[PDB]
Amino acid sequence: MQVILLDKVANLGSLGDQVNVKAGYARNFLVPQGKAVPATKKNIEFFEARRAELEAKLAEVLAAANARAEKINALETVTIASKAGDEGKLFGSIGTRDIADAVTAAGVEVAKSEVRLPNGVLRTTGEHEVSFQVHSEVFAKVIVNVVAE
Amino acid sequence: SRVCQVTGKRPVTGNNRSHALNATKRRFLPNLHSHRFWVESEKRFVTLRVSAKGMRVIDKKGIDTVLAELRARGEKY
Amino acid sequence: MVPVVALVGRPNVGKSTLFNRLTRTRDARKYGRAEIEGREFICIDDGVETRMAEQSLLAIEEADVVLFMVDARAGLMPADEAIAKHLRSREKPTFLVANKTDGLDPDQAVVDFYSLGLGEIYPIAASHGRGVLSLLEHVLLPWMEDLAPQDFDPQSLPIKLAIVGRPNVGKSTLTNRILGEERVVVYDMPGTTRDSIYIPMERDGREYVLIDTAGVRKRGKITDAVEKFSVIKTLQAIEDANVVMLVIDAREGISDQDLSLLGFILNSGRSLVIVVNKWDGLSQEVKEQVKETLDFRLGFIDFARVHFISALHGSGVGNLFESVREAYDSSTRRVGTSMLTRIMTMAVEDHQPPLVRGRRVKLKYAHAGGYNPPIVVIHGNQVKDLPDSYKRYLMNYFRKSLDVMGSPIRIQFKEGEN
Amino acid sequence: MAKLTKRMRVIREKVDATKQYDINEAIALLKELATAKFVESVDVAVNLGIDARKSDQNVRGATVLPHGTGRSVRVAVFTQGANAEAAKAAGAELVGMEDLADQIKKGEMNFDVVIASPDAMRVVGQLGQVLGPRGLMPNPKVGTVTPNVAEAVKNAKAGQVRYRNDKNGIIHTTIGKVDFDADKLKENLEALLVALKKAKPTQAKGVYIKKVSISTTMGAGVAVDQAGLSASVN
RNA sequence: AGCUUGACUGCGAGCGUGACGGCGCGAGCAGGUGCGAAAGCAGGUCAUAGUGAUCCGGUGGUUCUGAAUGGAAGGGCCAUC
RNA sequence: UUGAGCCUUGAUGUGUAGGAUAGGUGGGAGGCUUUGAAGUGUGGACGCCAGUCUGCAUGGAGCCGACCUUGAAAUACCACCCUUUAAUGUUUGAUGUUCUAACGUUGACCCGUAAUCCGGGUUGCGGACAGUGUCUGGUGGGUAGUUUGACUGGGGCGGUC
RNA sequence: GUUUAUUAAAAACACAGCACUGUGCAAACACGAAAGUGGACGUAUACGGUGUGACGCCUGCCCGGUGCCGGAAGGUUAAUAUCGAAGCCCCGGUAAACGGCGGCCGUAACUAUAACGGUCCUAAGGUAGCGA
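Thresholds applied
Residues numbered from 1 in each chain as written, not as in the entry; some residues may be left out. Chains lettered and ligands numbered in written order. Part of a larger assembly, values for the part shown. Heavy atoms only, no water. Helix = DSSP H or I, 4+ residues; strand = E, 2+ residues; numbered from the N terminus. Buried < 20%, exposed > 50% of the residue type's maximum accessible area, 1.4 Å probe, protein only. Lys, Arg positive; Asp, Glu negative; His and termini not counted. Charge placed at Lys NZ, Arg CZ, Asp CG, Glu CD. Contact = heavy atoms within 4.5 Å. Buried area = accessible area lost by both parts, 1.4 Å probe. Salt bridge = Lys/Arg side-chain N within 4 Å of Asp/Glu carboxyl O. Polar contact = N/O pair within 3.5 Å; in protein donor to acceptor, adjacent residues only side chain to side chain. Near = heavy atom within 4 Å. Nonpolar A, V, L, I, M, F, W, Y, C, P; charged D, E, K, R; others polar. 1 Å grid on protein atoms, 1.4 Å probe; cavity = no way out; pocket = protein on both sides within 12 Å on 5 of 7 lines; lining within 4 Å. Points joined across faces, edges and corners; volume = space filled by probe spheres on them. Axes fitted to C-alpha atoms, helices over the stretch in contact; angles between N-to-C directions. Parallel < 35°, antiparallel > 145°, perpendicular 65-115°, else oblique. Left-handed = near helix turned anticlockwise from the far one by under 90°.

Going by the header, the method for this PDB entry is cryo-EM, and the resolution given is 5.0 Å.

Here is the structure:
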């Protein structure tokens, strides 16, 4: 169908780009995910007025989502923000494994290719130490301090 | 079944046909598939069996408008 | 070396009609000549088929004089003008004629025509009778100044062969190979039959035919508006044979029409040699032994001989040439009342001539009614006193006791004794 | 070979994409546009369909038209057994079989337009071998392979429009010069436009007129506010 | 053997011969022609065989038809495949 | 990653003649194309390259063809679209790879329910596939309706119409 | 062994054994428009199909390597009217090829048949079964 995006920026289409799209991408990815809202010559008018608010006020702690996204598409340097990516560097214990929650791409992951650790990892500040496996049953490690602002 | 629940479907009467123009009959199934629609207005999926003309139709009018009906068509939501 | 009228006048139309009316000689077949008085000369015959342009181009350069043709209702036509120009540049003389001239006495000739980069257009006849006389006289005069080229043993004729098969396979291509091994095209048409038909041609004196209707790689001058006319040709292919070759494919062969086609072949009474062409691309476990087995069981006692060629490789090429000769010897075998009588006695003694209505019959000699497709006529008891089956049994016996890698042999029965 | 198709892109981007122009405005434009150095040609480029028939498509000739003016040409009326004897009564021009016969076979010619019956026509306007003109030449077809002679002389005396190329189903007809006046030109178009509708009875598509376009040279051309269509003859 | 193109055209008293489909002969008139010095002869072939309804569609011509109304299609007609 | 639909550049056309290399010019031998214009690769009839070879890399001649011949054509100024061929704009479809989000999940568990059914949820695995709906080509005695004359010294046989 | 109840008991049908093929589980396949079900609570020494008919005894011939055979299209060998077709690779086809399964010659004692080689073909080579 067609939508006006709600998305700040998206790899094609950005920042209240009203465009038509594939039906199979649009209804099951651009919506329902908040990255678009349907377009109609009714909707566009509503939306045009709305987006001076919505694609600004919502879209301002969302800068994080585009950045952190790389880190979870690879799962080499598994990095998400729990509160961060919009507050400076990714810091505190907060982030991935301290609640054992990190977003996956499709449940096929390299972020639980072994489990072994006694209280997880992360415990520095102003940077955040992830464990970056070197095997699948030994945890000799190569820990990094990546951020994804 | 084999019905859209919207557009209104069921297989409907046919025949093989030949330039011979022989006599036999066969019906004809529409293109329906049960597709997992996202209600959003209770933010769940209420997977309905739907046509593929209809799939379009649902889209153009929007989720809770097909789902406005069903209730108004007196039938399983 | 030798002249040829060489009709042209655009790719098709009544162009052919005129050649038949100028010829009369069949079975010389194609190339092929039009006779006038003493002297006979050949005849030769947008967006058109690439193959058809190649043959036509091939024809006119060897051509020795040319004839460019227009219709009554035809006049103007720039394409014609291009063909006419090509002919001038390459340099051979051309005369401009016009088909079934009509009009309403000579008028519009010569007036359009002077622009044709040619002058005087003679109007013809073909469905009347005056208008042929001038053309034949014109050609005659230079040609009169000149005077250019114009039991019976198995070798008394050169071996006659056809290449029949499906209305799918590119048989015409296989035909090009058989004639070739020279790596050259050959299906350049000339005209010499009554009407628009078809090539049997000879190389090495011996005749090859190309046949059926489309897929054959029949894309010719056109003449079979429906599925029918082509068949009129294949029946010609029967007339001319003492050998027929069946091309079948390994991937569209033995179709319903095709198995009927083999059944037909049996009627056709001419030697069967079985070819499988475009067989280098088939799968390593062949489909196809079984395909041979189903035909085998029908069953064709001959000599087979299976060929697995391609017209786009050639493998089978020698083995095909060979097989036909062997088949012809057996078929054409010097026969003779003596042999036949002697083997026959064994057969009847062994398995029993049929009895009819408590009266036992009587056989008493066989002789050969001809050999080329071998026929025998055996004088015994009445026609119905044998079933066709016993006839065949006694026939099959002869087919067995003296080799016949050739054609099916024929048996007859006459009555006089009862 | 081809460096860049840039000089032609910018130019076609100005005045073609079916920018329909007043017929007269077009002509006003036509003399120059891109630096073409002198006043040029007025053309109509008419696109006709098919192969296997022509009525006035790829004509190595000239046909009579409503509004014949533009040029007047030399004319001799050859009167031999035909609609010639009607021409003898008519007495317009010069009518005579055997004196004009001589004049044809003399060694020299100048009577371009042969209105003709049988013998004369073959000589003048067609001949040569690899024929073709100095830039213009005596032409053959003038519709006297559709002989009439008397009425023909009236039409003939007046003049006539020549057009020629080769074999394409699209029939080009050069309308005139720009040393002919704008409104007389329009009339030339209209005349050819009425004729063409007339033309072709032999079904292969029931509207045979596509683009009436008007053009000159140097990537300069336009479309007509198309007015050839089927409705009767307009 | 010269010369021609009547294997013309539009009609047709009147006949024979077929159940019917129908098939054959036929002068003359009319119009136009052709040849012949002129009379006159020319309506395909010495006569007797050399082919088939009806459909439905193709070709060319015609205003005949033509559904609000004009055109336009298809159909009829005439000729021919 | 890679085919091709279209777009506009490319330049020209073997017989004596014709310089060769003559597709197709309204009109037809000014346009002051101002600049001191050119002979040097694609092109081109055809490789018959030559040379004439290109609005196609030199500055050297008034602004300049540096006017025609001659054949059918060919030289002031040029025009009308093709065959052909690029360069460029593209337009679109293939393959290649990876993904996940439809979709599949006869994996595992939680749950309505101290139910091998099912449903929902979680997770694991598959994945734009697969499969199916339409349309559509090939095959198909398995299934289906029927077709296979007549004359006739019995018929069939034959031969025949 | 089984069987044409209400004509026909067999040589028919069956059958182990054997042989062949197809099928990797959501199985092939089979029924059932499908859902489902059977196949199978099983799991390629099986499962399904098909086919032959105990048992014993009559020898059942692998194309890949490399070679061979016919053939053309090529390769390779030629003249160097270049192109290079004939013989051979290759393409197909080829194991009565090397190597396990014949003769003929010498040789396991009436020479002759011969395990080895030669010879027909780049065939093992009457060893099995069976002898005037």
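1. Some points on the overall build of chain C
Counting secondary structure elements, chain C contains 12 helices and 15 strands. The principal-axis extent of the C-alpha atoms belonging to chain C is close to 90 × 55 × 35 Å. Within chain C, buried positions represent 47% of all 418 residues. Between the mean site of the 54 positive side-chain charges and the mean site of the 57 negative ones, chain C shows a separation of 6 Å.

2. With respect to the interface of chain B and chain A
Chain B puts 6 residues into the contact, and the matching count from chain A is 4 residues. Here chain B and chain A share an interface that buries about 390 Å² over both sides, 63% of which is from carbon and sulfur atoms. On the surface where chain B and chain A come into contact, there are 1 salt bridge. With a closest N to O distance of 3.3 Å, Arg27 of chain A and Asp59 of chain B form a salt bridge. At the junction of chain B and chain A, the tally comes to 1 residue pair in polar contact. Sort the elements by how many residues they give to the side of chain B that touches chain A and helix α1 (residues 54-61) of chain B lands first, with 3 residues.

3. Regarding unusual backbone geometry
Geometrically, the link from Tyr31 of chain C to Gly32 of chain C is a cis peptide bond, its omega value of 10° lying close to zero. Assignment of secondary structure puts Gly32 of chain C in the loop between α1 (15-22) and β2 (34-35). The phi angle at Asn15 of chain B is positive, at roughly 155°, despite the residue not being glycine. Along the chain, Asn15 of chain B falls in the segment before β1 (33-35). The partly exposed category is assigned to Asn15 of chain B, whose relative accessible area is 30%. Phi at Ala52 of chain D is positive, roughly 100°, even though this residue is not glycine.

4. Considerations on the protein's contact with RNA strand E
RNA strand E sits among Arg73 and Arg130 of chain C together with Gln203 and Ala231 of chain D. When atoms of RNA strand E within 4 Å of the protein are sorted by moiety, sugar and phosphate together comprise 73%. Between RNA strand E and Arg73 of chain C, the relevant distance is 2.8 Å, taken from a sugar or linking oxygen to a side-chain nitrogen or oxygen of the residue. One of the side-chain N or O atoms of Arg130 of chain C is found 3.0 Å from a sugar or linking oxygen in RNA strand E. The class makeup of the residues in the surface near RNA strand E is 1 nonpolar, 1 polar and 2 charged.

5. With respect to the environment of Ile214 of chain D
Residues and elements named next belong to chain D. One can find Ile214 in strand β8 (residues 212-215). Overall, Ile214 belongs to the buried group, its relative accessible area being 1%. The spatial distance from the C-alpha of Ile214 to the C-alpha of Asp43 is 5.6 Å, given a sequence separation of 171 residues. In this structure, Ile214 is in contact with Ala26, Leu30, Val42, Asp43, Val44, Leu189, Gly221, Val222, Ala223 and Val224, ignoring residues within four places of it in sequence.

6. Here we look at the side chain of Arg29 of chain C
All names here are of chain C. With respect to the helices, strands and loops of the structure, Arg29 is situated in the loop between α1 and β2. The class for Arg29 is buried, based on a relative accessible area of 3%. Reaching out from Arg29, the side chain makes a polar contact with the side chain of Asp240 at a distance of 3.5 Å. If we skip the residues at most four places from it in the chain, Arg29 touches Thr192, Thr193, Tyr198, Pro200, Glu202, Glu207, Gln236 and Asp240.

7. A few points about the protein's contact with RNA strand F
Around RNA strand F sit 60 residues, and of these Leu29 of chain B together with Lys37, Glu40, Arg134 and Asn168 of chain D come closest. Separating a phosphate oxygen of RNA strand F from a backbone N or O atom of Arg134 of chain D is a distance of 2.7 Å. Interatomic distance of 2.7 Å between a side-chain N/O atom of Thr217 of chain D and a sugar or linking oxygen of RNA strand F. Listed by contribution, the elements that provide at least two residues to the surface near RNA strand F are α1 (23-26) of chain A, β1 of chain B, α3 (78-90) of chain C together with α1 (6-15), β2 (41-47) and β7 (170-177) of chain D. A class-by-class count of the residues in the surface near RNA strand F yields 21 nonpolar, 21 polar and 18 charged.

8. A word on the layout of surface pockets
Quantified by volume, the second largest pocket comes out at close to 1,100 Å³. Along the wall of the second largest pocket there are 35 residues; nearest its centre are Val31 and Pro38 of chain A together with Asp59, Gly62 and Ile63 of chain B. For the lining of the second largest pocket, the elements supplying multiple residues, two or more each, are β1 (2-4), α2 (30-33) and β3 (37-38) of chain A together with α1 and α2 (63-66) of chain B. With 4 residues, α1 of chain B is the largest single contributor of residues to the lining of the second largest pocket. Class assignment for the residues of the lining of the second largest pocket results in 16 nonpolar, 10 polar and 9 charged.

9. Re the packing of helix α2 (residues 23-30) of chain D against helix α7 (residues 182-198) of chain D
Residues and elements named next belong to chain D. The contact between α2 and α7 brings their axes to 9 Å, and the two run at 120°. Considering the angle they form, α2 stands oblique to α7. Note on packing geometry: the crossing formed by α2 with α7 is right-handed. Residues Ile23, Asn24 and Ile27 of α2 form the contact with α7, whose participating residues are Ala182, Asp183, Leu185, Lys186 and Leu189. Class assignment for the residues of the contact of α2 with α7 results in 5 nonpolar, 1 polar and 2 charged.

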